[PDB]
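Let me begin by presenting the structure, written as structure tokens, before commenting on it.
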Ligand SMILES: CO[C@@H]1O[C@H](CO)[C@H](O)[C@H](NC(=O)c2ccc(C)cc2)[C@@H]1OC(=O)c1ccc(C)cc1
Ligand SMILES: [Cl-]
């Protein structure tokens, strides 16, 4: 698939929706981003950074009216330059739950509460994208 890729989420997200993203990280990757969008707002930004001051970190945040909020940072970093990955995002009633390569990574409490209005997922960054899909579990 071509990156950046936009995956419509018809009628928005709902609990029990599972989004699965398969791809490969490019060699010498700098960043990956998943952006769950509510119009111009970003309800959930998931941003692995491969070199922030010589550290690897995942930054999560929300953008409202063009302003970024308080960052949530995770130092557990399961991505590897050059290697295939699987990201799964499970929507639960009170948070997005993220697993990478079948291991739980993090949860992100819902800041944007109109879940039905979060109707697009943007996938961008230094990856080759193989598949992006959703199902109900
Ligand atoms: C305070 O910096 C911001 O933090 C926000 C989260 O709080 C977003 O991540 C913004 N990123 C973005 O808008 C953004 C755009 C495109 C992609 C692919 C990812 C993130 C932006 O990050 C950056 O400017 C930035 C610069 C270099 C690296 C390596 C990572 C982040
Ligand atoms: Cl809201």
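No lab work stands behind these numbers, since they all come straight from the coordinates. Note: ideal-geometry Cβ built from the backbone for every residue, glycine included; neighbour counts use all protein chains shown.
Data for the structure
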item	result
Complete set of residues in the stretch 95-130 that are within 16 Å of ligand 1 (Cβ to nearest atom) and over 14 Å from the mean Cα position of the chain (by Cα)	111, 112, 128
Failed condition for residue 63, given (1) farther than 16 Å from residue 32 by Cβ; (2) away from ligand 2 (no atom under 15 Å from the Cβ); (3) free of Cβ contacts under 8 Å to residues at least 60 places away in the same chain	(2)
Single residue of 78, 48 found to be more than 15 Å from ligand 2 (Cβ to nearest atom), under 25 Å from residue 3 (Cα atoms) and assigned to a loop (DSSP other than H, G, I, E, B)	78
Residues being in contact (Cβ under 8 Å) with a residue 24 or more places away in the chain and surrounded by fewer than 16 Cβ atoms within 10 Å (Cβ to Cβ) - total across the stretch 87-106	3
Search result, residues across the stretch 81-106 that are assigned to a strand (DSSP E or B) and within 16 Å of ligand 2 (Cβ to nearest atom)	91, 95, 96
Any pair with Cβ under 6 angstrom, 6 or more apart, that starts in the stretch 115-137 at a residue that is closer than 27 Å to residue 50 by Cα and ends at one that is surrounded by fewer than 11 Cβ atoms within 10 Å (Cβ to Cβ)	120/8
